[PDB]
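**Q** Below is the file final00.pdb, with PDB, N, CA and C atoms.
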ATOM      1  N   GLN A   1     110.541  72.432  72.698
ATOM      2  CA  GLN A   1     109.125  72.635  72.444
ATOM      3  C   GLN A   1     108.795  74.121  72.392
ATOM      4  N   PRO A   2     108.731  74.693  71.185
ATOM      5  CA  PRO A   2     108.255  76.060  70.986
ATOM      6  C   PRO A   2     106.746  76.123  71.178
ATOM      7  N   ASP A   3     106.288  77.038  72.014
ATOM      8  CA  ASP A   3     104.881  77.062  72.409
ATOM      9  C   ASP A   3     104.424  78.494  72.662
ATOM     10  N   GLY A   4     105.054  79.421  71.961
ATOM     11  CA  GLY A   4     104.752  80.824  72.133
ATOM     12  C   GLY A   4     105.942  81.580  72.681
ATOM     13  N   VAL A   5     106.065  82.842  72.315
ATOM     14  CA  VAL A   5     107.149  83.671  72.816
ATOM     15  C   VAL A   5     106.645  84.605  73.911
ATOM     16  N   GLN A   6     107.343  84.616  75.030
ATOM     17  CA  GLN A   6     106.921  85.396  76.182
ATOM     18  C   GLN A   6     107.859  86.571  76.429
ATOM     19  N   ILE A   7     107.300  87.638  76.975
ATOM     20  CA  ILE A   7     108.061  88.823  77.319
ATOM     21  C   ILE A   7     108.736  88.631  78.670
ATOM     22  N   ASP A   8     110.053  88.663  78.672
ATOM     23  CA  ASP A   8     110.819  88.516  79.897
ATOM     24  C   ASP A   8     110.828  89.827  80.658
ATOM     25  N   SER A   9     111.449  90.837  80.064
ATOM     26  CA  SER A   9     111.581  92.126  80.719
ATOM     27  C   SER A   9     111.622  93.261  79.705
ATOM     28  N   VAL A  10     111.259  94.452  80.159
ATOM     29  CA  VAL A  10     111.200  95.622  79.300
ATOM     30  C   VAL A  10     112.214  96.662  79.758
ATOM     31  N   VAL A  11     113.215  96.914  78.931
ATOM     32  CA  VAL A  11     114.219  97.905  79.245
ATOM     33  C   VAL A  11     114.013  99.163  78.404
ATOM     34  N   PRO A  12     114.461 100.324  78.916
ATOM     35  CA  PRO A  12     114.332 101.609  78.217
ATOM     36  C   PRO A  12     115.099 101.631  76.898
ATOM     37  N   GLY A  13     114.608 102.422  75.956
ATOM     38  CA  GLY A  13     115.199 102.463  74.632
ATOM     39  C   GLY A  13     114.285 101.827  73.608
ATOM     40  N   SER A  14     113.114 101.426  74.072
ATOM     41  CA  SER A  14     112.119 100.798  73.229
ATOM     42  C   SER A  14     110.797 101.556  73.335
ATOM     43  N   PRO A  15     110.002 101.598  72.259
ATOM     44  CA  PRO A  15     108.678 102.219  72.295
ATOM     45  C   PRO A  15     107.729 101.424  73.186
ATOM     46  N   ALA A  16     108.051 100.146  73.357
ATOM     47  CA  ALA A  16     107.231  99.230  74.133
ATOM     48  C   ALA A  16     107.378  99.465  75.633
ATOM     49  N   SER A  17     108.327 100.326  76.011
ATOM     50  CA  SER A  17     108.645 100.564  77.418
ATOM     51  C   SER A  17     107.411 100.937  78.248
ATOM     52  N   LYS A  18     106.438 101.603  77.632
ATOM     53  CA  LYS A  18     105.227 101.993  78.348
ATOM     54  C   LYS A  18     103.974 101.564  77.594
ATOM     55  N   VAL A  19     104.120 100.585  76.716
ATOM     56  CA  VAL A  19     102.985 100.086  75.950
ATOM     57  C   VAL A  19     102.504  98.751  76.505
ATOM     58  N   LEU A  20     103.431  97.820  76.675
ATOM     59  CA  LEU A  20     103.100  96.503  77.183
ATOM     60  C   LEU A  20     103.687  96.273  78.566
ATOM     61  N   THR A  21     103.430  95.093  79.091
ATOM     62  CA  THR A  21     103.892  94.716  80.413
ATOM     63  C   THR A  21     104.865  93.545  80.310
ATOM     64  N   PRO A  22     105.963  93.564  81.078
ATOM     65  CA  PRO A  22     106.848  92.407  81.178
ATOM     66  C   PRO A  22     106.134  91.222  81.817
ATOM     67  N   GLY A  23     106.415  90.031  81.321
ATOM     68  CA  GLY A  23     105.773  88.841  81.848
ATOM     69  C   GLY A  23     104.611  88.365  80.999
ATOM     70  N   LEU A  24     104.227  89.154  80.003
ATOM     71  CA  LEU A  24     103.093  88.794  79.158
ATOM     72  C   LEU A  24     103.521  87.808  78.078
ATOM     73  N   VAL A  25     102.550  87.144  77.469
ATOM     74  CA  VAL A  25     102.831  86.145  76.448
ATOM     75  C   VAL A  25     102.324  86.616  75.091
ATOM     76  N   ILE A  26     103.203  86.607  74.099
ATOM     77  CA  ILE A  26     102.843  87.011  72.748
ATOM     78  C   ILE A  26     102.230  85.839  71.998
ATOM     79  N   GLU A  27     100.948  85.953  71.688
ATOM     80  CA  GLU A  27     100.229  84.882  71.030
ATOM     81  C   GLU A  27     100.438  84.937  69.525
ATOM     82  N   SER A  28     100.308  86.122  68.953
ATOM     83  CA  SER A  28     100.456  86.270  67.516
ATOM     84  C   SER A  28     100.688  87.718  67.117
ATOM     85  N   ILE A  29     101.378  87.893  66.002
ATOM     86  CA  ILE A  29     101.607  89.209  65.427
ATOM     87  C   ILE A  29     100.662  89.376  64.232
ATOM     88  N   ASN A  30     100.598  90.571  63.653
ATOM     89  CA  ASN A  30      99.678  90.863  62.564
ATOM     90  C   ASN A  30      99.853  89.904  61.385
ATOM     91  N   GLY A  31      98.947  88.934  61.295
ATOM     92  CA  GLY A  31      98.975  87.967  60.213
ATOM     93  C   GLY A  31     100.067  86.929  60.373
ATOM     94  N   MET A  32     100.811  87.010  61.467
ATOM     95  CA  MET A  32     101.947  86.132  61.691
ATOM     96  C   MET A  32     101.983  85.657  63.143
ATOM     97  N   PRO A  33     101.449  84.459  63.419
ATOM     98  CA  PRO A  33     101.450  83.887  64.764
ATOM     99  C   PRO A  33     102.833  83.390  65.172
ATOM    100  N   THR A  34     103.246  83.728  66.383
ATOM    101  CA  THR A  34     104.577  83.390  66.850
ATOM    102  C   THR A  34     104.537  82.336  67.948
ATOM    103  N   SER A  35     104.464  81.081  67.538
ATOM    104  CA  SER A  35     104.484  79.971  68.474
ATOM    105  C   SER A  35     105.913  79.484  68.686
ATOM    106  N   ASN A  36     106.819  79.919  67.827
ATOM    107  CA  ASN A  36     108.189  79.439  67.878
ATOM    108  C   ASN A  36     109.143  80.624  67.913
ATOM    109  N   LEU A  37     110.426  80.345  68.089
ATOM    110  CA  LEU A  37     111.437  81.375  68.094
ATOM    111  C   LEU A  37     111.764  81.793  66.665
ATOM    112  N   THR A  38     111.807  80.810  65.777
ATOM    113  CA  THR A  38     112.129  81.045  64.378
ATOM    114  C   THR A  38     111.035  81.859  63.687
ATOM    115  N   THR A  39     109.772  81.533  63.962
ATOM    116  CA  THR A  39     108.654  82.248  63.359
ATOM    117  C   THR A  39     108.611  83.695  63.834
ATOM    118  N   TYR A  40     109.038  83.914  65.072
ATOM    119  CA  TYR A  40     109.165  85.260  65.607
ATOM    120  C   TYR A  40     110.187  86.043  64.791
ATOM    121  N   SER A  41     111.307  85.398  64.498
ATOM    122  CA  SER A  41     112.370  86.016  63.720
ATOM    123  C   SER A  41     111.913  86.235  62.277
ATOM    124  N   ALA A  42     111.218  85.244  61.720
ATOM    125  CA  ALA A  42     110.734  85.311  60.343
ATOM    126  C   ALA A  42     109.782  86.486  60.159
ATOM    127  N   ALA A  43     109.013  86.773  61.196
ATOM    128  CA  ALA A  43     108.116  87.916  61.184
ATOM    129  C   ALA A  43     108.914  89.208  61.316
ATOM    130  N   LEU A  44     109.853  89.204  62.250
ATOM    131  CA  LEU A  44     110.673  90.365  62.553
ATOM    132  C   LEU A  44     111.485  90.823  61.343
ATOM    133  N   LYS A  45     111.983  89.865  60.569
ATOM    134  CA  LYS A  45     112.835  90.161  59.419
ATOM    135  C   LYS A  45     112.085  90.922  58.323
ATOM    136  N   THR A  46     110.762  90.955  58.396
ATOM    137  CA  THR A  46     109.975  91.653  57.387
ATOM    138  C   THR A  46     109.550  93.037  57.868
ATOM    139  N   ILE A  47     109.703  93.287  59.163
ATOM    140  CA  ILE A  47     109.262  94.546  59.751
ATOM    141  C   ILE A  47     110.377  95.590  59.675
ATOM    142  N   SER A  48     110.001  96.843  59.458
ATOM    143  CA  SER A  48     110.970  97.922  59.333
ATOM    144  C   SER A  48     111.019  98.780  60.604
ATOM    145  N   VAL A  49     111.998  99.680  60.675
ATOM    146  CA  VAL A  49     112.186 100.541  61.841
ATOM    147  C   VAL A  49     111.237 101.733  61.785
ATOM    148  N   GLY A  50     110.361 101.820  62.769
ATOM    149  CA  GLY A  50     109.373 102.878  62.796
ATOM    150  C   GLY A  50     108.012 102.376  62.366
ATOM    151  N   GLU A  51     107.964 101.104  62.015
ATOM    152  CA  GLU A  51     106.734 100.464  61.587
ATOM    153  C   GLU A  51     105.984  99.923  62.796
ATOM    154  N   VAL A  52     104.668  99.902  62.699
ATOM    155  CA  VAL A  52     103.821  99.469  63.801
ATOM    156  C   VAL A  52     103.142  98.142  63.473
ATOM    157  N   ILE A  53     103.329  97.164  64.344
ATOM    158  CA  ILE A  53     102.751  95.843  64.155
ATOM    159  C   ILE A  53     101.638  95.574  65.168
ATOM    160  N   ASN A  54     100.833  94.556  64.895
ATOM    161  CA  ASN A  54      99.695  94.223  65.739
ATOM    162  C   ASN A  54      99.983  92.947  66.524
ATOM    163  N   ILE A  55     100.065  93.061  67.840
ATOM    164  CA  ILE A  55     100.424  91.924  68.683
ATOM    165  C   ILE A  55      99.292  91.568  69.634
ATOM    166  N   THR A  56      98.736  90.384  69.452
ATOM    167  CA  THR A  56      97.703  89.879  70.332
ATOM    168  C   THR A  56      98.327  89.038  71.438
ATOM    169  N   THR A  57      98.025  89.390  72.677
ATOM    170  CA  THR A  57      98.536  88.663  73.823
ATOM    171  C   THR A  57      97.387  88.191  74.702
ATOM    172  N   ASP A  58      97.725  87.464  75.762
ATOM    173  CA  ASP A  58      96.745  87.048  76.764
ATOM    174  C   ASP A  58      96.055  88.266  77.364
ATOM    175  N   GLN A  59      96.813  89.347  77.474
ATOM    176  CA  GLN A  59      96.328  90.571  78.082
ATOM    177  C   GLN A  59      95.706  91.489  77.047
ATOM    178  N   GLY A  60      95.385  90.922  75.906
ATOM    179  CA  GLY A  60      94.706  91.664  74.868
ATOM    180  C   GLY A  60      95.608  91.975  73.698
ATOM    181  N   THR A  61      95.056  92.624  72.692
ATOM    182  CA  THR A  61      95.818  93.001  71.517
ATOM    183  C   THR A  61      96.342  94.429  71.652
ATOM    184  N   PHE A  62      97.625  94.611  71.377
ATOM    185  CA  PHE A  62      98.246  95.923  71.426
ATOM    186  C   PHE A  62      98.925  96.228  70.098
ATOM    187  N   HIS A  63      99.167  97.499  69.838
ATOM    188  CA  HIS A  63      99.920  97.899  68.660
ATOM    189  C   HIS A  63     101.301  98.354  69.083
ATOM    190  N   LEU A  64     102.314  97.741  68.511
ATOM    191  CA  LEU A  64     103.674  98.005  68.908
ATOM    192  C   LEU A  64     104.481  98.608  67.781
ATOM    193  N   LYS A  65     105.242  99.617  68.124
ATOM    194  CA  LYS A  65     106.171 100.226  67.196
ATOM    195  C   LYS A  65     107.544  99.609  67.390
ATOM    196  N   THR A  66     108.204  99.290  66.293
ATOM    197  CA  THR A  66     109.530  98.702  66.352
ATOM    198  C   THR A  66     110.537  99.681  66.944
ATOM    199  N   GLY A  67     111.470  99.146  67.716
ATOM    200  CA  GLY A  67     112.418  99.970  68.419
ATOM    201  C   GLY A  67     113.458 100.585  67.521
ATOM    202  N   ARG A  68     114.369 101.304  68.145
ATOM    203  CA  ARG A  68     115.282 102.179  67.432
ATOM    204  C   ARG A  68     116.684 101.578  67.328
ATOM    205  N   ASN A  69     116.812 100.319  67.730
ATOM    206  CA  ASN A  69     118.079  99.584  67.641
ATOM    207  C   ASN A  69     119.144 100.163  68.572
ATOM    208  N   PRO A  70     119.193  99.686  69.824
ATOM    209  CA  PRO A  70     120.233 100.043  70.773
ATOM    210  C   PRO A  70     121.415  99.072  70.716
ATOM    211  N   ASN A  71     122.628  99.629  70.697
ATOM    212  CA  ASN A  71     123.886  98.861  70.678
ATOM    213  C   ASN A  71     124.141  98.190  69.324
ATOM    214  N   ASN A  72     123.088  97.686  68.706
ATOM    215  CA  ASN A  72     123.213  96.950  67.452
ATOM    216  C   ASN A  72     122.304  97.529  66.382
ATOM    217  N   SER A  73     122.764  97.487  65.140
ATOM    218  CA  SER A  73     121.983  97.980  64.021
ATOM    219  C   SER A  73     121.302  96.823  63.289
ATOM    220  N   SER A  74     119.977  96.854  63.246
ATOM    221  CA  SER A  74     119.193  95.858  62.529
ATOM    222  C   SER A  74     117.865  96.474  62.089
ATOM    223  N   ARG A  75     116.942  95.652  61.624
ATOM    224  CA  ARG A  75     115.618  96.139  61.277
ATOM    225  C   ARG A  75     114.616  95.699  62.337
ATOM    226  N   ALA A  76     113.855  96.666  62.859
ATOM    227  CA  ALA A  76     112.825  96.402  63.863
ATOM    228  C   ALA A  76     113.424  95.809  65.135
ATOM    229  N   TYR A  77     113.809  96.656  66.079
ATOM    230  CA  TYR A  77     114.450  96.153  67.285
ATOM    231  C   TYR A  77     113.533  96.354  68.480
ATOM    232  N   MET A  78     112.784  95.309  68.823
ATOM    233  CA  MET A  78     111.749  95.380  69.859
ATOM    234  C   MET A  78     112.251  96.077  71.125
ATOM    235  N   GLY A  79     113.361  95.595  71.674
ATOM    236  CA  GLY A  79     113.965  96.256  72.820
ATOM    237  C   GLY A  79     113.620  95.596  74.140
ATOM    238  N   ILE A  80     112.800  94.561  74.089
ATOM    239  CA  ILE A  80     112.430  93.824  75.287
ATOM    240  C   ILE A  80     112.973  92.411  75.203
ATOM    241  N   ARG A  81     113.455  91.900  76.325
ATOM    242  CA  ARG A  81     113.967  90.548  76.359
ATOM    243  C   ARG A  81     112.802  89.594  76.200
ATOM    244  N   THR A  82     112.901  88.722  75.227
ATOM    245  CA  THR A  82     111.819  87.814  74.900
ATOM    246  C   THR A  82     112.351  86.411  74.673
ATOM    247  N   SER A  83     111.599  85.419  75.120
ATOM    248  CA  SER A  83     111.993  84.032  74.957
ATOM    249  C   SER A  83     110.762  83.141  74.934
ATOM    250  N   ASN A  84     110.907  81.966  74.347
ATOM    251  CA  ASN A  84     109.812  81.010  74.243
ATOM    252  C   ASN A  84     109.549  80.340  75.587
ATOM    253  N   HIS A  85     110.447  80.588  76.542
ATOM    254  CA  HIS A  85     110.303  80.085  77.905
ATOM    255  C   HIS A  85     110.199  78.564  77.901
ATOM    256  N   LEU A  86     111.333  77.909  77.704
ATOM    257  CA  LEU A  86     111.377  76.456  77.656
ATOM    258  C   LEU A  86     110.873  75.829  78.941
ATOM    259  N   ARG A  87     110.159  74.738  78.766
ATOM    260  CA  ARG A  87     109.566  74.009  79.873
ATOM    261  C   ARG A  87     110.672  73.375  80.709
ATOM    262  N   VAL A  88     110.727  73.728  81.989
ATOM    263  CA  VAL A  88     111.803  73.264  82.850
ATOM    264  C   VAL A  88     111.751  71.753  83.061
ATOM    265  N   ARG A  89     112.893  71.132  82.831
ATOM    266  CA  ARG A  89     113.103  69.712  83.075
ATOM    267  C   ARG A  89     114.588  69.457  83.256
ATOM    268  N   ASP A  90     114.947  68.230  83.581
ATOM    269  CA  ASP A  90     116.339  67.901  83.812
ATOM    270  C   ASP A  90     116.889  66.993  82.730
ATOM    271  N   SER A  91     117.283  67.591  81.620
ATOM    272  CA  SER A  91     118.053  66.889  80.613
ATOM    273  C   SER A  91     119.529  67.135  80.883
ATOM    274  N   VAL A  92     120.096  66.309  81.748
ATOM    275  CA  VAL A  92     121.440  66.532  82.258
ATOM    276  C   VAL A  92     122.508  66.367  81.185
ATOM    277  N   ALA A  93     123.526  67.209  81.271
ATOM    278  CA  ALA A  93     124.677  67.121  80.395
ATOM    279  C   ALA A  93     125.917  66.815  81.220
ATOM    280  N   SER A  94     126.134  65.537  81.470
ATOM    281  CA  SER A  94     127.234  65.102  82.312
ATOM    282  C   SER A  94     128.564  65.229  81.572
ATOM    283  N   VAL A  95     129.634  65.467  82.318
ATOM    284  CA  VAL A  95     130.964  65.532  81.734
ATOM    285  C   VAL A  95     131.411  64.146  81.286
ATOM    286  N   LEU A  96     131.805  64.041  80.030
ATOM    287  CA  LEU A  96     132.207  62.761  79.466
ATOM    288  C   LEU A  96     133.680  62.507  79.737
ATOM    289  N   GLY A  97     134.478  63.542  79.551
ATOM    290  CA  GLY A  97     135.904  63.426  79.731
ATOM    291  C   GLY A  97     136.649  64.226  78.691
ATOM    292  N   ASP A  98     137.788  64.776  79.066
ATOM    293  CA  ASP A  98     138.550  65.617  78.161
ATOM    294  C   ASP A  98     139.930  65.023  77.932
ATOM    295  N   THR A  99     140.214  64.671  76.690
ATOM    296  CA  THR A  99     141.482  64.055  76.347
ATOM    297  C   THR A  99     142.560  65.121  76.162
ATOM    298  N   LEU A 100     143.586  65.055  76.998
ATOM    299  CA  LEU A 100     144.676  66.019  76.946
ATOM    300  C   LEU A 100     145.938  65.389  76.370
ATOM    301  N   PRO A 101     146.282  65.735  75.123
ATOM    302  CA  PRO A 101     147.512  65.265  74.489
ATOM    303  C   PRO A 101     148.741  65.918  75.112
ATOM    304  N   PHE A 102     149.854  65.208  75.087
ATOM    305  CA  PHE A 102     151.088  65.697  75.673
ATOM    306  C   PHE A 102     152.194  65.665  74.628
ATOM    307  N   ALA A 103     152.717  66.835  74.301
ATOM    308  CA  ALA A 103     153.723  66.959  73.257
ATOM    309  C   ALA A 103     155.122  66.780  73.829
TER     310      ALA A 103
END
Rewrite the structure of this file - the entire thing - as structure tokens.

**A**
Amino acid sequence: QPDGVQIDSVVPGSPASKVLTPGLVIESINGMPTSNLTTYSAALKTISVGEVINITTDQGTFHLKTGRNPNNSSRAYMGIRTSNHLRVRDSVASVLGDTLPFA
């Protein structure tokens, strides 16, 4: 159930390091609402490095500059750990069994 993307944590190397707060929820980007993980990516794929986007959150609307791509080269690298924050439940994945062939 995608229901918005939330900010997990803010690490250095991003312009957002002193712009937003970790723990906040991203409601929508400029003309592009991010209720899902894919829509977040679909928006991100159009943004360039050094470009500034408009992000409305619970804590208000902020303007964010795309990061400078640490460790990896891509377009628009936010730099903050972000996730849709899946609703906690117990969908257990029990071990079925592993068949071991003997040669």

**Q** Take the PyMOL selection byres ((chain A and resi 49) around 6.5), apply it to the structure above, and return the hits as a PyMOL selection string.

**A** chain A and resi 47-48+50-51+66-67+75-77

**Q** When distances are computed from all atoms listed in the file, which of A:55, A:86, A:93, A:11 shows the smallest separation from residue 31 (chain A)?

**A**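 With all atoms listed in the file as the atom set, the closest residue is A:55.
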
**Q** Can you list what the PyMOL selection byres (((chain A and resi 1 and name CA) around 8) and name CA) grabs from this structure, as a ChimeraX atom specification?

**A** /A:2-3,86-87

**Q** Taking the backbone alone, and naming residues the way the document does, which bits of chain A are alpha helix (DSSP H) by DSSP, as an NGL selection string?

**A** :A and (37-44)

**Q** Need the shell around residue 82 (chain A): protein/DNA/RNA residues with any atom at most 6 Å away, counting only C-alpha atoms. Skip same-chain ones fewer than 4 positions apart. Format as a PDB file with N, CA and C atoms, in the frame of the given file?

**A**
ATOM      1  N   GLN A   6     107.343  84.616  75.030  1.00  0.00           N
ATOM      2  CA  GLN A   6     106.921  85.396  76.182  1.00  0.00           C
ATOM      3  C   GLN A   6     107.859  86.571  76.429  1.00  0.00           C
ATOM      4  N   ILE A   7     107.300  87.638  76.975  1.00  0.00           N
ATOM      5  CA  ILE A   7     108.061  88.823  77.319  1.00  0.00           C
ATOM      6  C   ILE A   7     108.736  88.631  78.670  1.00  0.00           C
ATOM      7  N   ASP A   8     110.053  88.663  78.672  1.00  0.00           N
ATOM      8  CA  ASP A   8     110.819  88.516  79.897  1.00  0.00           C
ATOM      9  C   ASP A   8     110.828  89.827  80.658  1.00  0.00           C
TER      10      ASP A   8
END

**Q** Could you go through chain A and tell me which residues DSSP, when run on the backbone, assigns to strand (DSSP E), listing them as an mmCIF file with N, CA and C atoms, in the frame of the given file?

**A**
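Output file states.cif is given in full below:
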data_model
loop_
_atom_site.group_PDB
_atom_site.id
_atom_site.type_symbol
_atom_site.label_atom_id
_atom_site.label_comp_id
_atom_site.auth_asym_id
_atom_site.auth_seq_id
_atom_site.Cartn_x
_atom_site.Cartn_y
_atom_site.Cartn_z
ATOM 1 N N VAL A 5 106.065 82.842 72.315
ATOM 2 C CA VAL A 5 107.149 83.671 72.816
ATOM 3 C C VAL A 5 106.645 84.605 73.911
ATOM 4 N N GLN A 6 107.343 84.616 75.030
ATOM 5 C CA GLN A 6 106.921 85.396 76.182
ATOM 6 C C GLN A 6 107.859 86.571 76.429
ATOM 7 N N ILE A 7 107.300 87.638 76.975
ATOM 8 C CA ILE A 7 108.061 88.823 77.319
ATOM 9 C C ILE A 7 108.736 88.631 78.670
ATOM 10 N N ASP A 8 110.053 88.663 78.672
ATOM 11 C CA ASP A 8 110.819 88.516 79.897
ATOM 12 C C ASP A 8 110.828 89.827 80.658
ATOM 13 N N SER A 9 111.449 90.837 80.064
ATOM 14 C CA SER A 9 111.581 92.126 80.719
ATOM 15 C C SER A 9 111.622 93.261 79.705
ATOM 16 N N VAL A 10 111.259 94.452 80.159
ATOM 17 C CA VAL A 10 111.200 95.622 79.300
ATOM 18 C C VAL A 10 112.214 96.662 79.758
ATOM 19 N N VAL A 25 102.550 87.144 77.469
ATOM 20 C CA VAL A 25 102.831 86.145 76.448
ATOM 21 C C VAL A 25 102.324 86.616 75.091
ATOM 22 N N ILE A 26 103.203 86.607 74.099
ATOM 23 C CA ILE A 26 102.843 87.011 72.748
ATOM 24 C C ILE A 26 102.230 85.839 71.998
ATOM 25 N N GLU A 27 100.948 85.953 71.688
ATOM 26 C CA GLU A 27 100.229 84.882 71.030
ATOM 27 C C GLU A 27 100.438 84.937 69.525
ATOM 28 N N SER A 28 100.308 86.122 68.953
ATOM 29 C CA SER A 28 100.456 86.270 67.516
ATOM 30 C C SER A 28 100.688 87.718 67.117
ATOM 31 N N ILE A 29 101.378 87.893 66.002
ATOM 32 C CA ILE A 29 101.607 89.209 65.427
ATOM 33 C C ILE A 29 100.662 89.376 64.232
ATOM 34 N N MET A 32 100.811 87.010 61.467
ATOM 35 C CA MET A 32 101.947 86.132 61.691
ATOM 36 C C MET A 32 101.983 85.657 63.143
ATOM 37 N N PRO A 33 101.449 84.459 63.419
ATOM 38 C CA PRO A 33 101.450 83.887 64.764
ATOM 39 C C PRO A 33 102.833 83.390 65.172
ATOM 40 N N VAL A 52 104.668 99.902 62.699
ATOM 41 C CA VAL A 52 103.821 99.469 63.801
ATOM 42 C C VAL A 52 103.142 98.142 63.473
ATOM 43 N N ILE A 53 103.329 97.164 64.344
ATOM 44 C CA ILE A 53 102.751 95.843 64.155
ATOM 45 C C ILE A 53 101.638 95.574 65.168
ATOM 46 N N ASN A 54 100.833 94.556 64.895
ATOM 47 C CA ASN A 54 99.695 94.223 65.739
ATOM 48 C C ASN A 54 99.983 92.947 66.524
ATOM 49 N N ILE A 55 100.065 93.061 67.840
ATOM 50 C CA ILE A 55 100.424 91.924 68.683
ATOM 51 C C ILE A 55 99.292 91.568 69.634
ATOM 52 N N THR A 56 98.736 90.384 69.452
ATOM 53 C CA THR A 56 97.703 89.879 70.332
ATOM 54 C C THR A 56 98.327 89.038 71.438
ATOM 55 N N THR A 57 98.025 89.390 72.677
ATOM 56 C CA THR A 57 98.536 88.663 73.823
ATOM 57 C C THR A 57 97.387 88.191 74.702
ATOM 58 N N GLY A 60 95.385 90.922 75.906
ATOM 59 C CA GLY A 60 94.706 91.664 74.868
ATOM 60 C C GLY A 60 95.608 91.975 73.698
ATOM 61 N N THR A 61 95.056 92.624 72.692
ATOM 62 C CA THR A 61 95.818 93.001 71.517
ATOM 63 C C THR A 61 96.342 94.429 71.652
ATOM 64 N N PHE A 62 97.625 94.611 71.377
ATOM 65 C CA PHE A 62 98.246 95.923 71.426
ATOM 66 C C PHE A 62 98.925 96.228 70.098
ATOM 67 N N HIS A 63 99.167 97.499 69.838
ATOM 68 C CA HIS A 63 99.920 97.899 68.660
ATOM 69 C C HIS A 63 101.301 98.354 69.083
ATOM 70 N N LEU A 64 102.314 97.741 68.511
ATOM 71 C CA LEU A 64 103.674 98.005 68.908
ATOM 72 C C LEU A 64 104.481 98.608 67.781
ATOM 73 N N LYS A 65 105.242 99.617 68.124
ATOM 74 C CA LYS A 65 106.171 100.226 67.196
ATOM 75 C C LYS A 65 107.544 99.609 67.390
ATOM 76 N N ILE A 80 112.800 94.561 74.089
ATOM 77 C CA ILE A 80 112.430 93.824 75.287
ATOM 78 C C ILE A 80 112.973 92.411 75.203
ATOM 79 N N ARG A 81 113.455 91.900 76.325
ATOM 80 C CA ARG A 81 113.967 90.548 76.359
ATOM 81 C C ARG A 81 112.802 89.594 76.200
ATOM 82 N N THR A 82 112.901 88.722 75.227
ATOM 83 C CA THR A 82 111.819 87.814 74.900
ATOM 84 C C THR A 82 112.351 86.411 74.673
ATOM 85 N N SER A 83 111.599 85.419 75.120
ATOM 86 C CA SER A 83 111.993 84.032 74.957
ATOM 87 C C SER A 83 110.762 83.141 74.934
#

**Q** For the file shown, report as a list in words the outcome of the PyMOL selection byres ((chain A and resi 56) around 6) at residue level.

**A**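 On the file shown, the PyMOL selection byres ((chain A and resi 56) around 6) covers residues 25, 26, 27, 28, 29, 54, 55, 57, 58, 60, 61 and 62 of chain A.
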
**Q** With distances taken over only N, CA and C atoms, which of A:100, A:92, A:64, A:5 is nearest to residue 33 (chain A)?

**A**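 Comparing A:100, A:92, A:64, A:5 against residue 33 (chain A), the winner is A:5.
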
**Q** Could I get region 22-32 of chain A rebuilt with N, CA, C and O atoms, written as a PDB file, in the coordinates of the input?

**A**
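Output contents, as saved in selection.pdb:
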ATOM      1  N   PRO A  22     105.963  93.564  81.078  1.00  0.00           N
ATOM      2  CA  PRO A  22     106.848  92.407  81.178  1.00  0.00           C
ATOM      3  C   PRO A  22     106.134  91.222  81.817  1.00  0.00           C
ATOM      4  O   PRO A  22     105.332  91.389  82.737  1.00  0.00           O
ATOM      5  N   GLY A  23     106.415  90.031  81.321  1.00  0.00           N
ATOM      6  CA  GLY A  23     105.773  88.841  81.848  1.00  0.00           C
ATOM      7  C   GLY A  23     104.611  88.365  80.999  1.00  0.00           C
ATOM      8  O   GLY A  23     104.064  87.284  81.241  1.00  0.00           O
ATOM      9  N   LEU A  24     104.227  89.154  80.003  1.00  0.00           N
ATOM     10  CA  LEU A  24     103.093  88.794  79.158  1.00  0.00           C
ATOM     11  C   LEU A  24     103.521  87.808  78.078  1.00  0.00           C
ATOM     12  O   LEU A  24     104.707  87.666  77.793  1.00  0.00           O
ATOM     13  N   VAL A  25     102.550  87.144  77.469  1.00  0.00           N
ATOM     14  CA  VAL A  25     102.831  86.145  76.448  1.00  0.00           C
ATOM     15  C   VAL A  25     102.324  86.616  75.091  1.00  0.00           C
ATOM     16  O   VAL A  25     101.155  86.978  74.950  1.00  0.00           O
ATOM     17  N   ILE A  26     103.203  86.607  74.099  1.00  0.00           N
ATOM     18  CA  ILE A  26     102.843  87.011  72.748  1.00  0.00           C
ATOM     19  C   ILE A  26     102.230  85.839  71.998  1.00  0.00           C
ATOM     20  O   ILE A  26     102.905  84.848  71.713  1.00  0.00           O
ATOM     21  N   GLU A  27     100.948  85.953  71.688  1.00  0.00           N
ATOM     22  CA  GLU A  27     100.229  84.882  71.030  1.00  0.00           C
ATOM     23  C   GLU A  27     100.438  84.937  69.525  1.00  0.00           C
ATOM     24  O   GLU A  27     100.729  83.922  68.890  1.00  0.00           O
ATOM     25  N   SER A  28     100.308  86.122  68.953  1.00  0.00           N
ATOM     26  CA  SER A  28     100.456  86.270  67.516  1.00  0.00           C
ATOM     27  C   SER A  28     100.688  87.718  67.117  1.00  0.00           C
ATOM     28  O   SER A  28     100.252  88.644  67.803  1.00  0.00           O
ATOM     29  N   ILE A  29     101.378  87.893  66.002  1.00  0.00           N
ATOM     30  CA  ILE A  29     101.607  89.209  65.427  1.00  0.00           C
ATOM     31  C   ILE A  29     100.662  89.376  64.232  1.00  0.00           C
ATOM     32  O   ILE A  29      99.972  88.420  63.867  1.00  0.00           O
ATOM     33  N   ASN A  30     100.598  90.571  63.653  1.00  0.00           N
ATOM     34  CA  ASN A  30      99.678  90.863  62.564  1.00  0.00           C
ATOM     35  C   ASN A  30      99.853  89.904  61.385  1.00  0.00           C
ATOM     36  O   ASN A  30     100.794  90.021  60.602  1.00  0.00           O
ATOM     37  N   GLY A  31      98.947  88.934  61.295  1.00  0.00           N
ATOM     38  CA  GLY A  31      98.975  87.967  60.213  1.00  0.00           C
ATOM     39  C   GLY A  31     100.067  86.929  60.373  1.00  0.00           C
ATOM     40  O   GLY A  31     100.233  86.059  59.521  1.00  0.00           O
ATOM     41  N   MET A  32     100.811  87.010  61.467  1.00  0.00           N
ATOM     42  CA  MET A  32     101.947  86.132  61.691  1.00  0.00           C
ATOM     43  C   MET A  32     101.983  85.657  63.143  1.00  0.00           C
ATOM     44  O   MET A  32     102.465  86.367  64.022  1.00  0.00           O
TER      45      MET A  32
END
